[PDB]
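Colleague: Contents of query_18.cif (mmCIF, C-alpha atoms and all ligand atoms) are below:
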data_protein
#
loop_
_atom_site.label_atom_id
_atom_site.label_comp_id
_atom_site.auth_asym_id
_atom_site.auth_seq_id
_atom_site.Cartn_x
_atom_site.Cartn_y
_atom_site.Cartn_z
CA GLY A 2 -2.77 -1.15 22.38
CA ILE A 3 -0.13 -0.97 19.68
CA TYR A 4 3.27 -2.44 20.50
CA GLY A 5 5.08 -1.27 17.38
CA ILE A 6 4.82 -0.71 13.64
CA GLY A 7 7.23 -1.30 10.79
CA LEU A 8 7.60 -0.27 7.18
CA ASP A 9 10.09 -1.36 4.53
CA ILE A 10 10.60 -0.68 0.84
CA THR A 11 13.13 -2.81 -1.02
CA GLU A 12 14.49 -2.28 -4.53
CA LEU A 13 14.23 -5.55 -6.48
CA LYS A 14 17.51 -4.77 -8.23
CA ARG A 15 19.24 -4.62 -4.85
CA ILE A 16 17.85 -8.02 -3.89
CA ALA A 17 19.31 -9.33 -7.14
CA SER A 18 22.63 -7.63 -6.27
CA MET A 19 22.83 -8.97 -2.71
CA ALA A 20 21.62 -12.40 -3.80
CA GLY A 21 24.14 -13.48 -6.43
CA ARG A 22 26.94 -11.75 -4.53
CA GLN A 23 26.92 -14.51 -1.88
CA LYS A 24 25.49 -17.98 -2.54
CA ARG A 25 23.52 -18.33 0.68
CA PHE A 26 21.33 -15.21 0.65
CA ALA A 27 17.93 -16.70 -0.24
CA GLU A 28 18.45 -19.59 2.14
CA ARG A 29 19.27 -17.22 5.00
CA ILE A 30 16.15 -15.10 4.37
CA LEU A 31 13.62 -17.88 3.76
CA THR A 32 12.43 -20.72 5.97
CA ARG A 33 12.17 -24.31 4.77
CA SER A 34 8.49 -23.92 3.81
CA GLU A 35 9.23 -20.68 1.96
CA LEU A 36 12.18 -22.24 0.14
CA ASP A 37 9.96 -25.11 -1.03
CA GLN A 38 7.83 -22.51 -2.82
CA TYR A 39 10.81 -20.41 -3.95
CA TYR A 40 12.58 -23.26 -5.76
CA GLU A 41 9.51 -23.86 -7.97
CA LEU A 42 9.56 -20.30 -9.33
CA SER A 43 11.11 -18.79 -12.46
CA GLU A 44 14.16 -16.56 -12.08
CA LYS A 45 11.91 -13.50 -12.36
CA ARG A 46 9.32 -14.77 -9.88
CA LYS A 47 12.06 -15.87 -7.49
CA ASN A 48 13.30 -12.28 -7.22
CA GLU A 49 9.77 -10.90 -6.63
CA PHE A 50 9.00 -13.59 -4.04
CA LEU A 51 12.29 -13.08 -2.23
CA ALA A 52 11.97 -9.29 -2.32
CA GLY A 53 8.46 -9.51 -0.87
CA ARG A 54 9.54 -11.83 1.93
CA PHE A 55 12.60 -9.73 2.68
CA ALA A 56 10.46 -6.60 2.96
CA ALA A 57 7.84 -8.27 5.17
CA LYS A 58 10.45 -9.68 7.54
CA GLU A 59 12.35 -6.38 7.68
CA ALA A 60 9.07 -4.55 8.48
CA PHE A 61 8.25 -7.14 11.13
CA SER A 62 11.69 -6.72 12.71
CA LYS A 63 11.14 -2.95 12.89
CA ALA A 64 7.72 -3.34 14.50
CA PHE A 65 9.36 -5.81 16.91
CA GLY A 66 11.72 -2.93 17.75
CA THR A 67 15.04 -4.73 17.35
CA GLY A 68 15.58 -5.23 13.63
CA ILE A 69 17.22 -8.44 12.43
CA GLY A 70 20.11 -9.54 14.61
CA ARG A 71 20.85 -11.31 17.88
CA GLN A 72 17.29 -10.91 19.17
CA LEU A 73 15.45 -11.89 15.99
CA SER A 74 16.37 -13.94 12.92
CA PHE A 75 14.84 -14.08 9.44
CA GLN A 76 14.35 -17.76 10.28
CA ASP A 77 12.12 -16.80 13.22
CA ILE A 78 9.57 -15.30 10.83
CA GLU A 79 7.43 -17.04 8.24
CA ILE A 80 4.92 -15.49 5.87
CA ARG A 81 1.98 -17.53 4.60
CA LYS A 82 -1.21 -16.76 2.72
CA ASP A 83 -4.63 -17.70 4.00
CA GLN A 84 -7.37 -19.16 1.82
CA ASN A 85 -8.22 -15.69 0.47
CA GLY A 86 -4.62 -15.08 -0.54
CA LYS A 87 -4.04 -12.66 2.36
CA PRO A 88 -0.54 -12.81 3.82
CA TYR A 89 -0.08 -13.29 7.56
CA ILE A 90 2.91 -13.85 9.79
CA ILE A 91 3.74 -16.67 12.17
CA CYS A 92 6.55 -15.82 14.55
CA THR A 93 7.79 -18.13 17.31
CA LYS A 94 8.30 -15.09 19.55
CA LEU A 95 4.68 -13.95 19.82
CA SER A 96 1.05 -14.79 19.08
CA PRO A 97 0.00 -14.52 15.41
CA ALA A 98 -3.20 -12.90 16.70
CA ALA A 99 -1.15 -9.87 17.67
CA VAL A 100 0.38 -9.45 14.19
CA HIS A 101 -0.90 -7.79 10.98
CA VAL A 102 1.01 -7.43 7.71
CA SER A 103 0.46 -6.18 4.17
CA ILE A 104 2.72 -6.62 1.15
CA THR A 105 2.73 -4.74 -2.15
CA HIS A 106 4.78 -4.65 -5.35
CA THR A 107 5.58 -2.39 -8.33
CA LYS A 108 7.81 -3.24 -11.30
CA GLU A 109 10.95 -2.17 -9.42
CA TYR A 110 10.01 -2.37 -5.74
CA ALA A 111 8.61 -4.60 -3.01
CA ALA A 112 7.19 -3.02 0.18
CA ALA A 113 5.54 -4.21 3.38
CA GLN A 114 4.23 -2.92 6.68
CA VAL A 115 3.54 -4.65 9.94
CA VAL A 116 1.60 -3.71 13.03
CA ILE A 117 2.07 -5.65 16.28
CA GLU A 118 -0.56 -5.21 19.01
CA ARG A 119 -0.22 -5.77 22.75
CA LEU A 120 -2.70 -8.43 23.85
CA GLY B 2 -8.14 2.81 19.71
CA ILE B 3 -6.45 4.40 16.71
CA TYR B 4 -6.71 8.17 16.33
CA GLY B 5 -4.90 8.53 13.01
CA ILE B 6 -2.33 7.07 10.62
CA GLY B 7 0.02 8.74 8.17
CA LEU B 8 2.24 7.58 5.32
CA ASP B 9 4.83 9.48 3.31
CA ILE B 10 7.32 8.65 0.61
CA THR B 11 9.90 11.27 -0.31
CA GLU B 12 12.21 11.32 -3.32
CA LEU B 13 15.78 12.04 -2.17
CA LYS B 14 16.52 14.05 -5.32
CA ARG B 15 13.61 16.40 -4.56
CA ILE B 16 14.93 16.95 -1.04
CA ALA B 17 18.36 17.75 -2.47
CA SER B 18 16.71 20.13 -4.97
CA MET B 19 14.76 22.02 -2.29
CA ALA B 20 17.82 22.16 -0.05
CA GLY B 21 19.79 23.75 -2.88
CA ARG B 22 17.08 26.16 -3.97
CA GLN B 23 15.88 27.13 -0.49
CA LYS B 24 17.47 29.22 2.23
CA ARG B 25 17.92 27.34 5.53
CA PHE B 26 15.96 24.27 4.42
CA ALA B 27 17.57 21.90 6.94
CA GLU B 28 17.12 24.50 9.68
CA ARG B 29 13.43 24.67 8.82
CA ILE B 30 12.80 20.91 8.92
CA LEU B 31 15.09 19.91 11.79
CA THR B 32 15.01 20.72 15.51
CA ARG B 33 18.18 22.02 17.18
CA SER B 34 19.20 18.53 18.29
CA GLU B 35 18.60 17.03 14.85
CA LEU B 36 20.59 19.91 13.30
CA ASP B 37 23.51 19.14 15.58
CA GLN B 38 23.45 15.58 14.21
CA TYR B 39 22.88 16.71 10.63
CA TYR B 40 25.94 18.96 10.62
CA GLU B 41 28.32 16.12 11.53
CA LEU B 42 27.27 14.06 8.48
CA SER B 43 28.85 13.79 5.04
CA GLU B 44 27.06 15.44 2.12
CA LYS B 45 25.52 12.10 1.12
CA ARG B 46 24.46 11.12 4.64
CA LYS B 47 22.99 14.60 5.23
CA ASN B 48 20.55 14.18 2.34
CA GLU B 49 19.48 10.71 3.57
CA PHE B 50 19.08 11.92 7.17
CA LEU B 51 17.13 15.01 6.09
CA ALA B 52 14.87 13.03 3.73
CA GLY B 53 14.13 10.52 6.49
CA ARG B 54 13.20 13.20 9.02
CA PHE B 55 11.10 15.04 6.47
CA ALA B 56 9.19 11.83 5.64
CA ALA B 57 8.67 11.01 9.32
CA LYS B 58 7.38 14.47 10.23
CA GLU B 59 5.15 14.56 7.17
CA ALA B 60 3.72 11.16 8.16
CA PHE B 61 3.23 12.35 11.73
CA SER B 62 1.43 15.53 10.65
CA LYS B 63 -0.95 13.45 8.54
CA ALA B 64 -1.72 11.11 11.44
CA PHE B 65 -2.17 14.12 13.74
CA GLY B 66 -4.69 15.38 11.19
CA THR B 67 -3.51 18.97 10.79
CA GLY B 68 -0.64 18.56 8.34
CA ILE B 69 2.34 20.92 8.67
CA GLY B 70 1.30 24.54 9.11
CA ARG B 71 -0.30 26.91 11.61
CA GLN B 72 -1.39 24.16 14.01
CA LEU B 73 1.79 22.06 13.78
CA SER B 74 5.33 22.96 12.79
CA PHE B 75 8.27 20.71 11.82
CA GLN B 76 9.87 22.19 14.94
CA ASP B 77 7.18 20.62 17.15
CA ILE B 78 8.25 17.12 16.13
CA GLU B 79 11.52 15.39 16.99
CA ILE B 80 12.67 11.91 16.03
CA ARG B 81 14.97 10.15 18.52
CA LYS B 82 16.45 6.62 18.58
CA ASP B 83 16.24 4.29 21.54
CA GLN B 84 18.90 1.85 22.75
CA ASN B 85 17.98 -0.67 20.03
CA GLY B 86 18.21 2.00 17.35
CA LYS B 87 14.43 2.12 16.99
CA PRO B 88 13.12 5.59 16.07
CA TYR B 89 10.42 7.16 18.21
CA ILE B 90 8.77 10.56 18.22
CA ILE B 91 8.57 13.26 20.86
CA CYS B 92 5.85 15.89 20.27
CA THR B 93 4.55 17.68 23.36
CA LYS B 94 1.10 18.03 21.82
CA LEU B 95 0.50 14.43 22.88
CA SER B 96 1.97 11.62 24.96
CA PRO B 97 5.01 9.83 23.49
CA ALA B 98 3.35 6.54 24.49
CA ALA B 99 0.55 7.21 22.02
CA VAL B 100 2.88 7.52 19.02
CA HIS B 101 4.54 4.86 16.86
CA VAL B 102 6.76 5.49 13.81
CA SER B 103 8.84 3.47 11.34
CA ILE B 104 11.31 4.80 8.78
CA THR B 105 12.78 3.06 5.73
CA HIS B 106 15.11 3.89 2.80
CA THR B 107 16.12 2.74 -0.67
CA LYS B 108 18.80 4.27 -2.88
CA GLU B 109 16.43 6.95 -4.18
CA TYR B 110 13.67 7.17 -1.57
CA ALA B 111 12.96 7.72 2.12
CA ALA B 112 9.58 6.69 3.54
CA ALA B 113 7.85 6.69 6.91
CA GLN B 114 4.56 5.84 8.58
CA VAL B 115 3.04 6.88 11.89
CA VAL B 116 0.17 5.57 13.98
CA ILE B 117 -1.23 7.69 16.81
CA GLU B 118 -3.42 5.98 19.38
CA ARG B 119 -6.08 7.42 21.66
CA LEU B 120 -4.92 6.92 25.24
CA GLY C 1 -11.49 -3.28 20.11
CA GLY C 2 -8.41 -4.23 18.12
CA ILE C 3 -7.21 -4.13 14.53
CA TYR C 4 -9.11 -6.13 11.92
CA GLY C 5 -6.59 -5.73 9.12
CA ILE C 6 -4.05 -3.42 7.52
CA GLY C 7 -3.20 -2.73 3.89
CA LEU C 8 -0.46 -1.05 1.92
CA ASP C 9 -0.21 -0.29 -1.77
CA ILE C 10 2.25 1.47 -4.05
CA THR C 11 1.18 2.15 -7.63
CA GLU C 12 3.37 3.33 -10.53
CA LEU C 13 1.78 6.40 -12.17
CA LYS C 14 3.09 5.34 -15.58
CA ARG C 15 1.35 1.98 -15.23
CA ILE C 16 -2.00 3.63 -14.43
CA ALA C 17 -1.57 5.78 -17.54
CA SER C 18 -0.68 2.67 -19.55
CA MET C 19 -3.85 0.97 -18.33
CA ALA C 20 -6.07 4.02 -18.76
CA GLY C 21 -4.97 4.51 -22.35
CA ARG C 22 -5.19 0.98 -23.72
CA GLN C 23 -8.33 0.09 -21.79
CA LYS C 24 -12.04 0.87 -22.10
CA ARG C 25 -13.36 3.12 -19.35
CA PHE C 26 -10.67 2.13 -16.86
CA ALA C 27 -11.26 5.25 -14.77
CA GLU C 28 -14.98 4.45 -14.75
CA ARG C 29 -14.23 0.93 -13.52
CA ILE C 30 -12.14 2.11 -10.55
CA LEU C 31 -14.15 5.16 -9.54
CA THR C 32 -17.65 5.71 -8.16
CA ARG C 33 -19.98 8.32 -9.67
CA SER C 34 -18.93 10.96 -7.11
CA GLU C 35 -15.19 10.30 -7.54
CA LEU C 36 -15.68 10.59 -11.30
CA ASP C 37 -17.22 14.05 -10.92
CA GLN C 38 -14.02 15.10 -9.17
CA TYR C 39 -11.93 13.27 -11.76
CA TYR C 40 -13.56 14.86 -14.81
CA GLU C 41 -12.83 18.33 -13.41
CA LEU C 42 -9.06 17.77 -13.43
CA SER C 43 -6.38 18.36 -16.05
CA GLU C 44 -4.76 15.51 -17.99
CA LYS C 45 -1.85 15.29 -15.56
CA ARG C 46 -3.95 15.77 -12.42
CA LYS C 47 -6.37 13.08 -13.59
CA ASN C 48 -3.55 10.52 -13.62
CA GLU C 49 -2.37 11.57 -10.15
CA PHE C 50 -5.90 11.50 -8.77
CA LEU C 51 -6.71 8.14 -10.31
CA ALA C 52 -3.44 6.57 -9.16
CA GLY C 53 -4.07 7.79 -5.61
CA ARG C 54 -7.67 6.56 -5.47
CA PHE C 55 -6.62 3.25 -7.04
CA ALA C 56 -3.86 2.84 -4.43
CA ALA C 57 -6.28 3.65 -1.60
CA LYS C 58 -8.87 1.13 -2.79
CA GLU C 59 -6.22 -1.53 -3.30
CA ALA C 60 -4.84 -0.84 0.20
CA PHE C 61 -8.36 -1.01 1.64
CA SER C 62 -9.02 -4.31 -0.16
CA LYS C 63 -5.88 -5.74 1.44
CA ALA C 64 -6.91 -4.59 4.93
CA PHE C 65 -10.37 -6.06 4.23
CA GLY C 66 -8.49 -9.33 3.61
CA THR C 67 -9.81 -10.37 0.21
CA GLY C 68 -8.28 -8.04 -2.34
CA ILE C 69 -10.49 -6.73 -5.14
CA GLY C 70 -12.70 -9.43 -6.65
CA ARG C 71 -15.94 -11.33 -6.07
CA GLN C 72 -15.90 -10.42 -2.38
CA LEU C 73 -15.10 -6.71 -2.77
CA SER C 74 -15.42 -4.38 -5.73
CA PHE C 75 -13.69 -1.07 -6.47
CA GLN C 76 -17.26 0.20 -6.52
CA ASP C 77 -17.84 -0.87 -2.91
CA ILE C 78 -15.18 1.58 -1.74
CA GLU C 79 -15.42 5.36 -1.88
CA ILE C 80 -12.75 7.92 -1.12
CA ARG C 81 -14.37 11.15 0.00
CA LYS C 82 -12.79 14.48 0.93
CA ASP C 83 -13.41 16.28 4.22
CA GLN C 84 -13.76 20.05 4.80
CA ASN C 85 -10.01 20.43 4.36
CA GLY C 86 -9.87 18.27 1.23
CA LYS C 87 -8.29 15.37 3.13
CA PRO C 88 -9.34 11.82 2.20
CA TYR C 89 -11.41 9.38 4.20
CA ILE C 90 -12.98 6.09 3.21
CA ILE C 91 -16.62 5.01 3.17
CA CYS C 92 -17.38 1.33 2.63
CA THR C 93 -20.94 0.45 3.64
CA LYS C 94 -20.16 -3.21 2.93
CA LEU C 95 -18.03 -2.95 6.04
CA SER C 96 -19.66 -3.51 9.42
CA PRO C 97 -19.87 -0.21 11.44
CA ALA C 98 -16.07 -0.27 11.91
CA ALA C 99 -13.60 2.62 11.96
CA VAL C 100 -11.45 2.98 8.85
CA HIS C 101 -8.32 5.13 8.59
CA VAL C 102 -6.48 5.89 5.33
CA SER C 103 -3.41 7.88 4.31
CA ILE C 104 -2.37 8.64 0.74
CA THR C 105 1.01 9.95 -0.42
CA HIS C 106 2.62 10.84 -3.76
CA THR C 107 6.03 11.30 -5.42
CA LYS C 108 6.71 12.32 -9.02
CA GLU C 109 6.39 8.72 -10.25
CA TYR C 110 4.34 6.92 -7.56
CA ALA C 111 1.14 7.02 -5.54
CA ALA C 112 0.92 5.05 -2.30
CA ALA C 113 -1.68 4.48 0.37
CA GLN C 114 -2.19 2.61 3.59
CA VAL C 115 -5.36 1.61 5.43
CA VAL C 116 -6.16 0.29 8.90
CA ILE C 117 -9.59 -1.18 9.66
CA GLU C 118 -10.44 -1.45 13.38
CA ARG C 119 -13.01 -3.99 14.56
CL CL A 201 16.47 -1.21 -0.85
CL CL A 202 1.34 -20.24 2.34
CL CL A 203 -1.73 -7.65 1.98
CL CL A 204 8.17 0.67 -10.50
CL CL A 205 -6.19 8.74 9.81
CL CL A 206 8.58 13.39 -3.06
CL CL A 207 19.01 24.15 23.20
CL CL A 208 11.58 1.65 12.25
CL CL A 209 15.80 3.12 -5.22
CL CL A 210 2.29 -0.66 -9.73
CL CL A 211 -9.02 8.75 7.45
NA NA A 212 18.02 -21.50 5.82
NA NA A 213 6.23 12.75 -1.43
NA NA A 214 15.27 -0.54 1.70
NA NA A 215 1.59 -1.87 -7.22
NA NA A 216 -6.33 9.85 7.25
#
Could I get this structure in the form of structure tokens?

Modeller:
Amino acid sequence: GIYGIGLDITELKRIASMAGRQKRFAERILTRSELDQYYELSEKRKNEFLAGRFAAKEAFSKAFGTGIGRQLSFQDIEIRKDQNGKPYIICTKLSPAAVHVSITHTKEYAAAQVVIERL
Amino acid sequence: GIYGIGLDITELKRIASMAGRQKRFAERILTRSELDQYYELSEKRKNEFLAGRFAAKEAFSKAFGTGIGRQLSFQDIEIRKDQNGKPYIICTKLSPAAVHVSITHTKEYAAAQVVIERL
Amino acid sequence: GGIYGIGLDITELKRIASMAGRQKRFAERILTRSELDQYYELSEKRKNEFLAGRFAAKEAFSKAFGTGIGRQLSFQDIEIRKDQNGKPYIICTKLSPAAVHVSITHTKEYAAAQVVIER
């Protein structure tokens, strides 16, 4: 059946606020593979990419039922796109077959939802 | 399998407007237990809490298929938090095990989604 | 059983208006003949809300389908119909005999939708 579901909406402006006000924010949210892509983007695209990843990982953590913390790190979750451009999640704590995700954007927001199934 | 799904996004300012214009708005949306929690919150927190509950119950009513009205009241739905802080719904019209919810917020919005499974 | 894919979309009403104004028969491109009949019956404001909602639903469906809108799936391959209570449901014959669930929501400035396709 369904193990859990998660939804997150993130304001891009906030991601810009949290980002600069640190100096380690993007690197804490993104994995090595994600960072490789992130560093090639323009300032504008970087914010959209980071906001999208942040939302997807937050949604995943909610579906997981614990949120980000001691039981689950942003580094434990990686978003990729298949050959059709569809995002999917790989998480070292469960089978990718049990996970579904969707990501969307508007000028000012990034949002994502995740559904985890019990196999 | 899946019986129904529901999504809702609610503008905090609209909630605050209705709460100011309407008599007993919080009392109409919240159960006794939620009201007890609501009344211990600051003015700002109250609006966020209320908007989140409203979004969650709206989402639930859409998944249930009846919407809020004669067949289902806001009073028939209660959101609780487990030991990890994860929200879950209690509605005696169905088993708690068949329901899954997720709630999110931004500065100006509250949003929620629900998935009800057939057991 | 099991979930085939999920999709989420948030669309800015102002952007739909911006696209509908500067473009050809934008509404005609997004909507099927039956949706158009419903569309033409609405006021200027309602048309924008209706179009944004249907657009969000088709985008969300395209994301659950896993390809997005394009060569593999057209806006015209997806139809949002209304049941006896005026609530939306999706018909996509291009989709194997699977079950499709959809939920649409609105705020003053946005339209949003989510879809779950079960295999
Ligand atoms: Cl946010
Ligand atoms: Cl990738
Ligand atoms: Cl997606
Ligand atoms: Cl926007
Ligand atoms: Cl549904
Ligand atoms: Cl609203
Ligand atoms: Cl009591
Ligand atoms: Cl949640
Ligand atoms: Cl906001
Ligand atoms: Cl948009
Ligand atoms: Cl439906
Ligand atoms: Na890192
Ligand atoms: Na709303
Ligand atoms: Na947020
Ligand atoms: Na959008
Ligand atoms: Na529905």

Colleague: Interatomic distance between atom CA of residue C:39 and atom CA of residue C:18?

Modeller: 17.3 Å

Colleague: Would you kindly return, as JSON, numbers by chain, each protein, DNA or RNA residue with an atom no farther than 12 Å from any atom of residue A:104, considering all atoms listed in the file and excluding same-chain residues fewer than 6 positions away?

Modeller: {"A": [7, 8, 9, 10, 11, 49, 50, 52, 53, 54, 55, 56, 57, 58, 59, 60, 61, 80, 81, 82, 86, 87, 88, 89, 90, 110, 111, 112, 113, 114, 115], "C": [6, 7, 8, 9, 10, 59, 60, 63, 64, 66, 68, 113, 114]}

Colleague: Give me the RMSD in Å over all C-alpha atoms, paired in order, after least-squares superposition of chain A onto chain B.

Modeller: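 Result: 0.4 Å C-alpha RMSD.
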
Colleague: Using all atoms listed in the file, which chain A residues lie at most 6 Å away from chain C, written as a list in words?

Modeller: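 The contacting residues on chain A are residues 85, 87, 103 and 105 of chain A.
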
Colleague: Can those selected residues be exported to a file as a PDB file, in the frame of the given file so that it contains C-alpha atoms?

Modeller:
ATOM      1  CA  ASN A  85      -8.220 -15.690   0.470  1.00  0.00           C
ATOM      2  CA  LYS A  87      -4.040 -12.660   2.360  1.00  0.00           C
ATOM      3  CA  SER A 103       0.460  -6.180   4.170  1.00  0.00           C
ATOM      4  CA  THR A 105       2.730  -4.740  -2.150  1.00  0.00           C
TER       5      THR A 105
END

Colleague: How would you report the residues lying within 10 Å of ligand CL 207 (chain A), as a ChimeraX atom specification, if you count only C-alpha atoms and all ligand atoms?

Modeller: /B:32-34

Colleague: Could I get the residue neighbourhood of ligand CL 211 (chain A) at 12 Å, counting all atoms listed in the file, as a PyMOL selection string?

Modeller: (chain B and resi 3-8+63-66+116) or (chain C and resi 57+61+79-83+86-91+99-104+113-118)

Colleague: Point out the residue among A:19, A:94, A:99, A:62 with the least atom-to-atom distance to chain B, counting only C-alpha atoms.

Modeller: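 Among the listed residues, the smallest separation from chain B belongs to A:62.
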
Colleague: Which of these, C:30, C:78, C:69, C:85, has the shortest distance to ligand CL 203 (chain A) once you count only C-alpha atoms and all ligand atoms?

Modeller: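 Of all the options, C:69 lies closest to ligand CL 203 (chain A).
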